[PDB]
Amino acid sequence: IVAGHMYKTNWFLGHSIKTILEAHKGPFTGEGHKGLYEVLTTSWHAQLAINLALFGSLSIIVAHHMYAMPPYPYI
Amino acid sequence: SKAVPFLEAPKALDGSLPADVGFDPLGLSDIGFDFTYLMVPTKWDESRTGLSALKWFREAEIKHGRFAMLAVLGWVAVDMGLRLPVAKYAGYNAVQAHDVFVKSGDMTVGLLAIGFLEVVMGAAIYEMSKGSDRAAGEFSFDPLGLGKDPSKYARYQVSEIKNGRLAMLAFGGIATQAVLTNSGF
Amino acid sequence: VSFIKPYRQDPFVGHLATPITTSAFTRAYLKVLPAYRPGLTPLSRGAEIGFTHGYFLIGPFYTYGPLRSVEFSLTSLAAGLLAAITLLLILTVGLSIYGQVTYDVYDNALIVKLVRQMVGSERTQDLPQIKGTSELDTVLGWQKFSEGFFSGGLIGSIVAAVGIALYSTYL
Amino acid sequence: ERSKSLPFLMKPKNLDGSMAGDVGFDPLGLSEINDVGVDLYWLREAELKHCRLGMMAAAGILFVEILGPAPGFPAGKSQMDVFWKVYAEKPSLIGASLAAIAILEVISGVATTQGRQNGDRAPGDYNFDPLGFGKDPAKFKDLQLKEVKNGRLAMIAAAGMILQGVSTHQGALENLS
Amino acid sequence: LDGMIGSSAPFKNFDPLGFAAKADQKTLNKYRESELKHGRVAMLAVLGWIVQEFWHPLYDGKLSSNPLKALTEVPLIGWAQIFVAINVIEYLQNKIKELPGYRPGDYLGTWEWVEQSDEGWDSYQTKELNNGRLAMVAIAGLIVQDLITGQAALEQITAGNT
Ligand code: CLA
Ligand code: CLA
Ligand SMILES: C/C(C=C=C1C(C)(C)C[C@H](O)C[C@@]1(C)O)=C/C=C/C(C)=C/C=C/C=C(C)/C=C/C=C(/C=C/[C@@]12O[C@]1(C)C[C@@H](O)CC2(C)C)CO
Ligand SMILES: CC(/C=C/C=C(C)/C=C/[C@@]12O[C@]1(C)C[C@@H](O)CC2(C)C)=C\C=C\C=C(C)\C=C\C=C(C)\C=C\[C@@]12O[C@]1(C)C[C@@H](O)CC2(C)C
Ligand SMILES: CC(/C=C/C=C(C)/C=C/[C@@]12O[C@]1(C)C[C@@H](O)CC2(C)C)=C\C=C\C=C(C)\C=C\C=C(C)\C=C\[C@@]12O[C@]1(C)C[C@@H](O)CC2(C)C
């Protein structure tokens, strides 16, 4: 719930993901994350790539933590 | 300046505020931080030009003075008796009445009521930051009407701020000494 | 600032000027290595490379060979030394055949200029072309390089065996 | 330019004079909210519903505590605890009342949103004047003011009664004396 | 005490004793080299001091956690290898120093890419210099405290010998 009050939606409050990404440049990375917001807001395939990769990784992490710490009675 | 003559002036203590003598050795009246942002963290309004730290400090000083005056009145009252005409307020001094009443669920009620009033008048402070003509500490509270005759108003202003400074220091002493003029350590 | 730029102001090379390819540390470190150290004959480069390589090659053979010993054994040291020397021989054979099939030159940094000046209307690839101007890029240069590698490998392997024996005995 | 209730505050922009009980008491500027389907219309409808609910609840508590319960109903003088005694013996009454209130509240929300959309219905208006007590104007404004003031007072009263019953587990006038 | 990098807010161009007001460019380059080397060595020394105090996995434990005591417990053949590695590194640094366009403390050769330095590059160089200075003071204090008291950093702090 706390983490949900981060991004600016309809009031003068919160963050703009465009401003966060565009400020993360560096000597080794040129323009940095400039344009990534446009990539992820105009391409469903990029969002699917990120979400599916992290989702599969999360599934594997879930699999590990399941047997590691059994969360159900008599399982 | 008119006090501490070997320091000229802070920078903003021109004299536009009442009870001004120029005493500010540390130059605290020049911080660029608009303390209204401690209330409204964001600019919120596009018309929020900003509030000078000096005006916020004047409002805080007036509020502190009023609080300290009422506080010393109350602390002196409970040293010489003067309990409320109701049960559960027997005699338990002032160094221990605070805790026993925090236990008995009414200091929470006082906190809620004082917070309600503080929120309303802090909305007043925020409107002042937005750019209302209201001056610091001016809640337009003159029911009995001894506030007309602008000369009388200015004299009563300087009187209130000086009395508030005296009461702040006196309350600090009283709480530190645990009272000596009317009770014992 | 940007620490990655096109190499030598050529945006079309398959290379980049990163803080690793063209850093001052990289420059000095590669210029002190025997392969690129200035003032070394090809025989000297080969000798130094062979010494270092035999020196660090005797290690794995002696330590993990088929005749190891948790204590010091002369047989284990001899086995490791012989294996290292034979591996150096195999590497020298590879160097010799590579140099035999790669270059046809006996004096470089000139033939290129001669064919850039006095014309090269011949079968090419010996008069013209010629990749690299180093003395290592000749038939004579590579032969001496291989000879130095082989001799230095033997000497370095023997020196490392002596050092291993001394360390295992007197420590 | 200054709010009538709070002279140290500027007049809240959305509260001019129209609504009954308007004295400019909006220190937090909540009347200017125009998001999450919440505006002055929705806030006024919520205030009127709260006023009516608090009036009914305060009247019910006072009636039951003073004149006693109806025949066949439990006693105890603690209105926050007698509810569980009624539910323990007449659960169907509570369930039917809840279902009726749910249906009426769905209708109320639909009416509020519709009247907000195609402005023809004042906030809190349900055309409920069976006895014709507010037909003519110049009395409707007075009745609106009376209802708003009584509803705010009864809101405060009912919240107090709820908290007193939950904490002290005693009757309202029992706490009074 | 020049347009050199390393001037921060508390004391801009901090040369109270005027060491740089009379020195030429070569002496100032030498001073910057010495300062940067001391700062880097001191940062490493402080980090090692603390980490060794609360973690010494190598040498199968042992090697008493108090520094200036493990200094006399290393096999003394591992001391030789560390010495030789530092020596080879500084030989490479000496070779770097003759590369064209060399800057006093720059062993990465950033002058190859950084022409017309920015404010971020200068600020980061100043950050490195200031951290190095703080680490020099800290390591001097660490060694002196361990000498006079006999306890290490987190040991003296834990007991309360302050
Ligand atoms: C800073 C002001 C202040 C504070 C915090 C207190 C706090 C206290 N007083 Mg007290 N008192 C004060 C000033 C103050 N007094 C003054 C100025 C007088 C003289 C008039 C008294 C006279 C007095 C008596 C005679 C008694 C107390 C008692 C008490 C204690 C019991 C009350 C309690 O539990 O909280 C209750 C909640 C509060 C006190 C919070 C105050 C909330 C107020 C009521 C809201 C309204 C304020 C008012 C409208 C301000 C107007 C300004 C503006 C609107 C124009 C408590 C420790 C009793 C006790 O047993 O003490 C040992 C007691 O018998 N006081
Ligand atoms: C001036 C630097 C310095 C020096 C002289 C020492 C000296 C010592 N350390 Mg040590 N250490 C250092 C920094 C240093 N440390 C730092 C920065 C860390 C944090 C990673 C550690 C972590 C550490 C542990 C965990 C242990 C020691 C231990 C020891 C002792 C045995 C030697 C050993 O195994 O080292 C081991 C050293 C490491 C594992 C990390 C060294 C990494 C180096 C300093 C960074 C790279 C150096 C590079 C080659 C040159 C820089 C390149 C460029 C800048 C020019 C010896 C007294 C051991 C001991 O007996 O403790 C009492 C032990 O178990 N150290
Ligand atoms: C989406 C929605 C509805 C809608 C819509 C539509 C349908 C889409 C139409 C429009 O287009 C939009 C919109 C948004 O309006 C939302 C529904 C509303 C909700 C979520 C309902 C919440 C009601 C909760 C209440 C009112 C509960 C009160 C509890 C009490 C407890 C009483 C006690 O006695 C108990 C039980 C125990 C005792 O010991 C003591 C106490 C504690 C006093 C007092 O009463
Ligand atoms: C230090 C202080 C003020 C110091 C002022 C100074 C130095 C002023 C100096 C000058 O003016 C002179 C001299 C001359 C001028 O020309 C120059 C200056 C420089 C301007 C106030 C302290 C002020 C300190 C205060 C007010 C502390 C209050 C503590 C309280 C009230 C405790 C309340 C309790 O609740 C608890 C915490 C626990 C409960 O169980 C019990 C109780 C006791 C009830
Ligand atoms: C929903 C309802 C009651 C619901 C009660 C519930 C859920 C209670 C459930 C529980 O108690 C139990 C069971 C057991 C407990 O352990 C659990 C709970 C949960 C506590 C009653 C509706 C009751 C509904 C009634 C009585 C409807 C009457 C309708 C009439 C007279 C209609 C007339 C018309 O249709 C004509 C004739 C012609 C049309 O043209 C015009 C009109 C006028 C519309």
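Here, every reference points to the structure presented above.
So, here's what we can say about the structure. (Residues numbered from 1 in each chain as written, not as in the entry; some residues may be left out. Chains lettered and ligands numbered in written order. Part of a larger assembly, values for the part shown. Heavy atoms only, no water. Residues with missing side-chain atoms left out of burial classes, pairs and counts.)

### Structural notes on the overall build of chain A
Then, number 1: A count of helices and strands for chain A gives three helices and zero strands.
Then, number 2: A globule of 75 residues ought to have a C-alpha radius of gyration of about 11 Å, yet chain A, at 18 Å, is considerably larger.
Then, number 3: For the C-alpha atoms alone, the extent of chain A along its principal axes is close to 50 × 30 × 25 Å.
Then, number 4: Relative to its full complement of 75 residues, chain A shows a buried share of 3%.
Then, number 5: Total accessible area on chain A is roughly 6600 Å²; 70% of this is exposed by carbon and sulfur atoms. (Helix = DSSP H or I, 4+ residues; strand = E, 2+ residues; numbered from the N terminus. Rg over C-alpha atoms; globule rule 2.2 N^0.38 Å. Buried < 20%, exposed > 50% of the residue type's maximum accessible area, 1.4 Å probe, protein only. Areas by Shrake-Rupley, 256 points an atom, 1.4 Å probe, with all protein chains shown as cover.)

### Looking at the packing of helix α2 (residues 42-64) of chain C against helix α3 (residues 74-102) of chain C
Residue and element names in this part refer to chain C.
Then, number 1: Where α2 meets α3, the closest approach of the two axes is 8 Å, and the angle between their N-to-C directions is 130°. Regarding the angle of α2 to α3, the classification is oblique. Relative to α3, α2 is oriented so that their crossing is right-handed. Packed against α2, whose contacting residues are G54, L57, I58, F61 and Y62, the element α3 presents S76, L77, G80, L81, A83, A84, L87, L88 and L91 at the interface.
Then, number 2: The residue makeup of the contact of α2 with α3, split by class, is 11 nonpolar, three polar and no charged. (Axes fitted to C-alpha atoms, helices over the stretch in contact; angles between N-to-C directions. Parallel < 35°, antiparallel > 145°, perpendicular 65-115°, else oblique. Left-handed = near helix turned anticlockwise from the far one by under 90°. Contact = heavy atoms within 4.5 Å. Nonpolar A, V, L, I, M, F, W, Y, C, P; charged D, E, K, R; others polar.)

### Points about the interface of chain E and chain C
Then, number 1: Counting residues at the interface gives 15 residues for chain E and 16 residues for chain C.
Then, number 2: Of all residues in chain E, E:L92, E:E112 and E:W113 bury the most surface against chain C, accounting for 46% of the area lost on that side.
Then, number 3: The salt bridge partner of E:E112 is C:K5, with a shortest N-O separation of 3.3 Å.
Then, number 4: Inspection of the chain E/chain C interface yields six residue pairs in polar contact.
Then, number 5: Looking at the side of chain E that touches chain C element by element, the count peaks at four residues for helix α2 (residues 78-97) of chain E.
Then, number 6: Class assignment of the residues belonging to the side of chain E that touches chain C gives a composition of 10 nonpolar, two polar and three charged. (Buried area = accessible area lost by both parts, 1.4 Å probe. Salt bridge = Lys/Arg side-chain N within 4 Å of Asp/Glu carboxyl O. Polar contact = N/O pair within 3.5 Å; in protein donor to acceptor, adjacent residues only side chain to side chain.)

### A few points about the side chain of E:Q125
Then, number 1: With respect to the element layout, E:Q125 can be found in helix α3 (residues 119-149).
Then, number 2: Residue class for E:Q125 comes out buried when judged on its relative accessible area of 13%.

In short, the description is geometric, and any link to function would need to be established separately.
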